[PDB]
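Novice: So here's coords.cif (mmCIF, C-alpha atoms).
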data_target
loop_
_atom_site.label_atom_id
_atom_site.label_comp_id
_atom_site.auth_asym_id
_atom_site.auth_seq_id
_atom_site.Cartn_x
_atom_site.Cartn_y
_atom_site.Cartn_z
CA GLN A 1 -49.40 56.11 59.99
CA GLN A 2 -49.05 53.83 57.01
CA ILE A 3 -48.49 56.75 54.70
CA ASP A 4 -46.05 58.21 57.18
CA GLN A 5 -44.21 54.95 57.23
CA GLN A 6 -44.22 54.28 53.50
CA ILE A 7 -42.40 57.57 53.39
CA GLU A 8 -40.06 56.56 56.19
CA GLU A 9 -39.46 53.19 54.52
CA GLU A 10 -38.15 55.12 51.57
CA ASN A 11 -36.23 57.57 53.81
CA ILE A 12 -34.39 54.59 55.20
CA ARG A 13 -33.75 53.20 51.74
CA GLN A 14 -32.35 56.65 50.98
CA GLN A 15 -24.11 54.65 53.43
CA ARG A 16 -23.69 52.35 50.50
CA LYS A 17 -22.99 55.41 48.43
CA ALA A 18 -20.37 56.70 50.80
CA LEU A 19 -18.76 53.29 50.72
CA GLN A 20 -18.82 53.31 46.94
CA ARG A 21 -16.82 56.50 47.12
CA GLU A 22 -14.55 54.76 49.61
CA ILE A 23 -14.10 51.92 47.13
CA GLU A 24 -12.89 54.38 44.53
CA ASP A 25 -10.36 55.52 47.11
CA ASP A 26 -9.17 51.99 47.59
CA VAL A 27 -8.47 51.78 43.87
CA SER A 28 -6.68 55.13 43.83
CA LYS A 29 -4.25 53.89 46.46
CA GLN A 30 -3.20 50.86 44.78
CA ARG A 31 -3.24 52.32 41.28
CA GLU A 32 -0.84 55.05 42.31
CA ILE A 33 1.31 52.63 44.18
CA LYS A 34 1.84 50.30 41.26
CA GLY A 35 2.97 53.19 39.12
CA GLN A 36 5.11 54.35 42.07
CA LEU A 37 6.65 50.95 41.94
CA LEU A 38 7.63 51.08 38.27
CA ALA A 39 9.41 54.30 39.12
CA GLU A 40 11.05 52.35 41.89
CA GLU A 41 11.92 49.60 39.44
CA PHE A 42 14.23 52.02 37.72
CA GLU A 43 15.70 53.04 41.07
CA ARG A 44 16.04 49.44 42.17
CA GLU A 45 17.90 48.54 38.90
CA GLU B 1 -46.90 53.27 38.15
CA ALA B 2 -45.03 55.13 40.95
CA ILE B 3 -44.14 51.86 42.56
CA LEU B 4 -42.68 50.54 39.34
CA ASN B 5 -40.58 53.63 38.92
CA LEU B 6 -39.10 52.92 42.38
CA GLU B 7 -37.91 49.58 41.22
CA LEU B 8 -36.52 51.12 38.07
CA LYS B 9 -35.03 53.94 39.91
CA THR B 10 -33.16 51.26 41.79
CA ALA B 11 -32.19 49.49 38.56
CA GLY B 12 -30.85 52.79 37.28
CA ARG B 13 -28.82 53.32 40.45
CA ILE B 14 -27.42 49.87 40.24
CA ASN B 15 -26.36 50.21 36.67
CA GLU B 16 -24.66 53.55 37.43
CA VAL B 17 -22.73 51.87 40.18
CA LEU B 18 -21.87 48.84 38.10
CA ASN B 19 -20.24 50.91 35.46
CA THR B 20 -18.52 52.98 38.07
CA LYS B 21 -16.88 50.03 39.65
CA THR B 22 -16.42 48.05 36.49
CA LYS B 23 -14.78 50.76 34.48
CA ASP B 24 -12.72 51.89 37.45
CA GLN B 25 -11.13 48.58 37.52
CA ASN B 26 -11.01 48.05 33.76
CA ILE B 27 -9.41 51.43 33.22
CA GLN B 28 -6.95 50.51 36.02
CA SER B 29 -6.35 47.32 34.13
CA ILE B 30 -4.62 48.50 31.01
CA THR B 31 -3.45 51.60 32.92
CA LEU B 32 -1.19 49.56 35.06
CA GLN B 33 -0.24 47.42 32.10
CA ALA B 34 0.68 50.72 30.45
CA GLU B 35 2.66 51.39 33.59
CA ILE B 36 4.42 48.09 32.97
CA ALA B 37 5.17 49.30 29.47
CA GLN B 38 6.45 52.47 31.11
CA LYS B 39 8.44 50.24 33.45
CA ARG B 40 10.22 48.78 30.37
CA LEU B 41 11.67 52.21 29.73
CA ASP B 42 12.80 53.14 33.00
CA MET B 43 13.78 49.74 34.21
CA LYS B 44 16.01 48.92 31.31
CA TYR B 45 17.26 52.41 30.92
CA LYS B 46 18.94 52.32 34.27
CA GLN B 47 21.26 49.64 32.98
CA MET B 48 21.23 50.83 29.41
CA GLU B 49 22.92 53.94 30.63
#
Turn this file's structure into structure tokens for me.
Specialist:
Amino acid sequence: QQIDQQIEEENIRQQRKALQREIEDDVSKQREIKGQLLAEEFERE
Amino acid sequence: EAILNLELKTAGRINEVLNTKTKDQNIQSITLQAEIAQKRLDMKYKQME
């Protein structure tokens, strides 16, 4: 059982990664929007 | 030895992630400043015209 559970302890250490991807998405949003906004600056002028 | 490579697998993973998030944001910095430079064109050109 201890061997079985050292393995499971690592299986559990194996969601943070999916969130890291999600964090890259959060950047993409805002990055695109600021450039959207400079395009709007010309429109707004 | 196998235990120590667990810890330094983790260190590896962390460093991969740190550069991922650091450079994402540092590339965005500068990129959006470049967008401001781009803004100078388009912004002033509306009235320049």
Novice: Give the residues of chain B that lie within 6 Å of chain A; count all atoms listed in the file, and format the answer as a count of residues only.
Specialist: 5
Novice: CA of residue 45 in chain B to CA of residue 29 in chain B: how many Å, to one decimal?
Specialist: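 One can read the CA of residue 45 in chain B to CA of residue 29 in chain B distance as 24.4 Å.
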Novice: Quick one: pull the distance between CA of residue 16 in chain A and CA of residue 17 in chain B, Å, one decimal.
Specialist: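 If I compute the distance from CA of residue 16 in chain A to CA of residue 17 in chain B, I get 10.4 Å.
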Novice: Could you jot down the CA of residue 2 in chain B to CA of residue 3 in chain A separation for me, Å, one decimal place?
Specialist: 14.3 Å
Novice: Taking into account only C-alpha atoms, which residue in the set B:21, B:48, B:26, B:37 is nearest to residue 19 in chain A?
Specialist: B:21
Novice: Would you output range 11-39 of chain A from that structure, restricted to N, CA, C and O atoms, as an mmCIF file, in the first residue's frame?
Specialist:
data_model
loop_
_atom_site.group_PDB
_atom_site.id
_atom_site.type_symbol
_atom_site.label_atom_id
_atom_site.label_comp_id
_atom_site.auth_asym_id
_atom_site.auth_seq_id
_atom_site.Cartn_x
_atom_site.Cartn_y
_atom_site.Cartn_z
ATOM 1 N N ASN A 11 0.523 10.733 -8.766
ATOM 2 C CA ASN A 11 -0.559 10.887 -9.741
ATOM 3 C C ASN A 11 -1.368 12.132 -9.434
ATOM 4 O O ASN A 11 -1.805 12.843 -10.338
ATOM 5 N N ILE A 12 -1.541 12.419 -8.159
ATOM 6 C CA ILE A 12 -2.252 13.609 -7.761
ATOM 7 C C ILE A 12 -1.398 14.824 -8.044
ATOM 8 O O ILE A 12 -1.930 15.834 -8.491
ATOM 9 N N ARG A 13 -0.086 14.773 -7.805
ATOM 10 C CA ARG A 13 0.700 15.937 -8.181
ATOM 11 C C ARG A 13 0.604 16.123 -9.695
ATOM 12 O O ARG A 13 0.594 17.247 -10.171
ATOM 13 N N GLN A 14 0.513 15.037 -10.462
ATOM 14 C CA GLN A 14 0.337 15.191 -11.895
ATOM 15 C C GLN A 14 -1.025 15.834 -12.159
ATOM 16 O O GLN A 14 -1.119 16.703 -13.015
ATOM 17 N N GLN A 15 -4.308 20.790 -13.619
ATOM 18 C CA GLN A 15 -5.262 21.841 -13.421
ATOM 19 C C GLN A 15 -4.548 23.158 -13.389
ATOM 20 O O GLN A 15 -5.079 24.170 -13.854
ATOM 21 N N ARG A 16 -3.324 23.151 -12.875
ATOM 22 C CA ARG A 16 -2.575 24.371 -12.817
ATOM 23 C C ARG A 16 -2.170 24.647 -14.232
ATOM 24 O O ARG A 16 -2.208 25.787 -14.682
ATOM 25 N N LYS A 17 -1.839 23.588 -14.960
ATOM 26 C CA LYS A 17 -1.426 23.721 -16.339
ATOM 27 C C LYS A 17 -2.542 24.223 -17.225
ATOM 28 O O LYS A 17 -2.303 25.056 -18.106
ATOM 29 N N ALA A 18 -3.761 23.755 -16.997
ATOM 30 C CA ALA A 18 -4.845 24.231 -17.806
ATOM 31 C C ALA A 18 -5.072 25.692 -17.483
ATOM 32 O O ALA A 18 -5.367 26.484 -18.381
ATOM 33 N N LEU A 19 -4.939 26.070 -16.215
ATOM 34 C CA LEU A 19 -5.084 27.463 -15.890
ATOM 35 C C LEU A 19 -3.974 28.278 -16.498
ATOM 36 O O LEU A 19 -4.239 29.370 -16.974
ATOM 37 N N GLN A 20 -2.756 27.753 -16.587
ATOM 38 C CA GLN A 20 -1.701 28.538 -17.208
ATOM 39 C C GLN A 20 -2.128 28.835 -18.630
ATOM 40 O O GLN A 20 -1.939 29.956 -19.110
ATOM 41 N N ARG A 21 -2.661 27.840 -19.330
ATOM 42 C CA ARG A 21 -3.138 28.114 -20.668
ATOM 43 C C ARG A 21 -4.206 29.199 -20.606
ATOM 44 O O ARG A 21 -4.174 30.157 -21.383
ATOM 45 N N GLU A 22 -5.110 29.103 -19.637
ATOM 46 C CA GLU A 22 -6.147 30.102 -19.497
ATOM 47 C C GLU A 22 -5.542 31.483 -19.265
ATOM 48 O O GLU A 22 -6.090 32.480 -19.733
ATOM 49 N N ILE A 23 -4.419 31.559 -18.570
ATOM 50 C CA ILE A 23 -3.808 32.843 -18.320
ATOM 51 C C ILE A 23 -3.289 33.422 -19.619
ATOM 52 O O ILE A 23 -3.296 34.645 -19.801
ATOM 53 N N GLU A 24 -2.826 32.566 -20.529
ATOM 54 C CA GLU A 24 -2.338 33.082 -21.795
ATOM 55 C C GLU A 24 -3.519 33.643 -22.564
ATOM 56 O O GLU A 24 -3.389 34.639 -23.281
ATOM 57 N N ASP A 25 -4.691 33.041 -22.377
ATOM 58 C CA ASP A 25 -5.887 33.548 -23.024
ATOM 59 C C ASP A 25 -6.217 34.919 -22.483
ATOM 60 O O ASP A 25 -6.515 35.847 -23.240
ATOM 61 N N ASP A 26 -6.097 35.090 -21.177
ATOM 62 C CA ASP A 26 -6.420 36.378 -20.608
ATOM 63 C C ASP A 26 -5.540 37.454 -21.220
ATOM 64 O O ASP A 26 -6.027 38.532 -21.543
ATOM 65 N N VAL A 27 -4.263 37.159 -21.450
ATOM 66 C CA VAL A 27 -3.400 38.135 -22.092
ATOM 67 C C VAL A 27 -3.851 38.404 -23.519
ATOM 68 O O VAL A 27 -3.927 39.558 -23.959
ATOM 69 N N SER A 28 -4.176 37.345 -24.260
ATOM 70 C CA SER A 28 -4.566 37.523 -25.650
ATOM 71 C C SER A 28 -5.694 38.506 -25.803
ATOM 72 O O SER A 28 -5.678 39.331 -26.711
ATOM 73 N N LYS A 29 -6.668 38.424 -24.893
ATOM 74 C CA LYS A 29 -7.837 39.297 -24.917
ATOM 75 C C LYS A 29 -7.440 40.754 -24.881
ATOM 76 O O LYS A 29 -7.322 41.266 -25.995
ATOM 77 N N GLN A 30 -6.520 40.993 -23.973
ATOM 78 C CA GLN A 30 -6.442 42.366 -23.592
ATOM 79 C C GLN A 30 -5.442 42.968 -24.542
ATOM 80 O O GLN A 30 -5.496 44.166 -24.834
ATOM 81 N N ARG A 31 -4.529 42.120 -25.023
ATOM 82 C CA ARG A 31 -3.498 42.524 -25.973
ATOM 83 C C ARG A 31 -4.154 42.948 -27.274
ATOM 84 O O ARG A 31 -3.864 44.022 -27.815
ATOM 85 N N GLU A 32 -5.105 42.135 -27.737
ATOM 86 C CA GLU A 32 -5.814 42.414 -28.962
ATOM 87 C C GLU A 32 -6.685 43.626 -28.774
ATOM 88 O O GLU A 32 -6.860 44.435 -29.686
ATOM 89 N N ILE A 33 -7.274 43.759 -27.602
ATOM 90 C CA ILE A 33 -8.138 44.895 -27.409
ATOM 91 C C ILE A 33 -7.359 46.203 -27.398
ATOM 92 O O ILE A 33 -7.769 47.159 -28.042
ATOM 93 N N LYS A 34 -6.181 46.255 -26.792
ATOM 94 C CA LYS A 34 -5.498 47.538 -26.832
ATOM 95 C C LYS A 34 -5.160 47.913 -28.269
ATOM 96 O O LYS A 34 -5.246 49.089 -28.641
ATOM 97 N N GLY A 35 -4.758 46.941 -29.088
ATOM 98 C CA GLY A 35 -4.457 47.325 -30.452
ATOM 99 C C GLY A 35 -5.752 47.675 -31.187
ATOM 100 O O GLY A 35 -5.766 48.578 -32.021
ATOM 101 N N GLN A 36 -6.867 47.037 -30.816
ATOM 102 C CA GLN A 36 -8.164 47.373 -31.377
ATOM 103 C C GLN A 36 -8.421 48.834 -31.100
ATOM 104 O O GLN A 36 -8.935 49.576 -31.933
ATOM 105 N N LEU A 37 -8.089 49.235 -29.898
ATOM 106 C CA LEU A 37 -8.326 50.568 -29.445
ATOM 107 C C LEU A 37 -7.475 51.604 -30.156
ATOM 108 O O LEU A 37 -7.925 52.737 -30.289
ATOM 109 N N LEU A 38 -6.261 51.275 -30.614
ATOM 110 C CA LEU A 38 -5.517 52.324 -31.318
ATOM 111 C C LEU A 38 -6.185 52.513 -32.672
ATOM 112 O O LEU A 38 -6.187 53.616 -33.235
ATOM 113 N N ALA A 39 -6.748 51.422 -33.204
ATOM 114 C CA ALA A 39 -7.454 51.517 -34.461
ATOM 115 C C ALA A 39 -8.673 52.397 -34.229
ATOM 116 O O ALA A 39 -9.009 53.254 -35.065
#
